[PDB]
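So the structure is just underneath, and the comments pick up after that.
Lettering follows sequence order; numbering is per chain, from 1. The figures here come from the full heavy-atom set of this structure, side chains too, leaving out hydrogens, waters and symmetry mates. Read the numbers this way: they start at 1 and go in the same order the structure lists the ligands and their atoms.
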There are 2 protein chains.
Amino acid sequence: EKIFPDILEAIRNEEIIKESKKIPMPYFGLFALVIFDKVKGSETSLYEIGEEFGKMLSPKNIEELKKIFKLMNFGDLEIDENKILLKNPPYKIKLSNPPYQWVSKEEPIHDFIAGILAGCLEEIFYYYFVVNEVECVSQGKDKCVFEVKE
Amino acid sequence: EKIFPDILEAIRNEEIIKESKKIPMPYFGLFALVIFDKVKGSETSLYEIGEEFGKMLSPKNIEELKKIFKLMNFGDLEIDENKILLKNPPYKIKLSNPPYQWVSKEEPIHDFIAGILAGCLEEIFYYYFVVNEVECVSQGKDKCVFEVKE
Ligand SMILES: [Ca+2]
Ligand SMILES: [Ca+2]
Ligand SMILES: [Ca+2]
Ligand SMILES: [Ca+2]
Ligand SMILES: [Cl-]
Ligand SMILES: [Cl-]
Ligand SMILES: [Zn+2]
Ligand SMILES: [Zn+2]
């Protein structure tokens with residue numbers, strides 16, 4: 001599309017993000033649903049799209065990863081940097097006040113966000129992670145909990 | 001995805017839309033850009049996705065089409081119902097305060113919105129329209145102007 005050049009600049013410009021229109025999450029999620037209906041005739045997943053999305057956000061450090069989530073309005077990420085610098089995986093990342101708080105489901109629903117975390121983390125630390133959501137607000141928990149490996 | 005059932009209910013529930021998190025448009029547009037990078041190995045367009053998106057919004061009348069655009073935060077649509085009931089196409093629809101007001105481009109940029117209008121209009125009047133954006137805020141105009149045919 002013709003608008004795509006302008007989008008990569010926009011995500012680097014915090015003033016554009018702050019001054020831009022804000023769209024309710026449901027419509028955001030409708031977009032994905034509609035495409036996946038015209039992706040199927042071919043196959044990717046939402047985790048994988050999140051991985052590419054987080055690559056593209058390319059945060060500089062964990063603090064910028066936290067700020068980008070607040071900008072996006074995806075909630076408050078808890079990440080222990082001190083543990084990340086020093087200790088070995090698994091790491092654990094919590095997400096408070098995430099999108100789709102109104103959804104009730106047996107299994108965790110934030111696959112897209114898990115991928116985002118995976119791709120942002122490789123952009124910061126320059127090696128590949130896999131991120132798996134093991135608890136979710138969807139199950140009546142207070143926070144989403146994501147285990148981070150490799 | 002597992003979240004997709006909940007999305008169709010959400011877009012029918014105005015309280016969910018009102019209470020949900022609001023995401024800056026740039027991130028919304030990044031999502032599309034990232035998918036289209038994993039759609040290409042196959043081919044649709046953004047107009048066509050908008051057509052399907054507007055089908056899915058399925059507004060009841062033109063007034064609900066205006067309210068849905070305000071809910072979504074895609075701006076103030078001007079549509080003359082009196083002309084639409086009586087007279088023959090072309091119709092003209094204006095959009096004030098649309099998304100991507102910060103983008104500057106020679107050709108109009110709201111292809112996705114043009115499709116949305118096309119699909120919402122067939123959901124209201126039960127026959128097919130084609131909608132073409134002929135002026136855009138991207139060109140320094142005050143409003144986006146869309147011509148509606150068939
Ligand atoms: Ca990299
Ligand atoms: Ca890089
Ligand atoms: Ca129909
Ligand atoms: Ca219908
Ligand atoms: Cl939400
Ligand atoms: Cl915007
Ligand atoms: Zn979750
Ligand atoms: Zn326009």
Test item: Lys143(B) side-chain N/O and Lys141(B) main-chain N/O as donor-acceptor pair under 3.5 Å: no

Parallel, tilted or perpendicular, as decided by the 30° and 60° cut-offs, for the rings of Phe74(B) and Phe28(B): perpendicular

Nearest-0.5 Å distance, CZ of residue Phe112(B) to CD1 of residue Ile109(B): 13.0 Å

CA sep, side-chain torsions, deciding dist, call: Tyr91(B), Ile79(B), side chain to side chain contact (heavy atoms under 4.5 Å, CB included): CA-CA 9 Å; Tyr91(B) 309 90; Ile79(B) 306 179; over 6 Å; no

Sub-3.0 Å protein N, O or S atoms surrounding the Ca ion (ligand 4): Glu123(B) OE1, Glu123(B) OE2

For the Ca ion (ligand 3): the N/O/S atom of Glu122(B) at shortest distance: OE2

Check: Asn97(B)/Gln101(B) side-chain N/O donor and acceptor closer than 3.5 Å: yes

With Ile93(B), the side chain to side chain contact (heavy atoms under 4.5 Å, CB included) member among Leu117(B), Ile113(B), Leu65(B): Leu117(B)

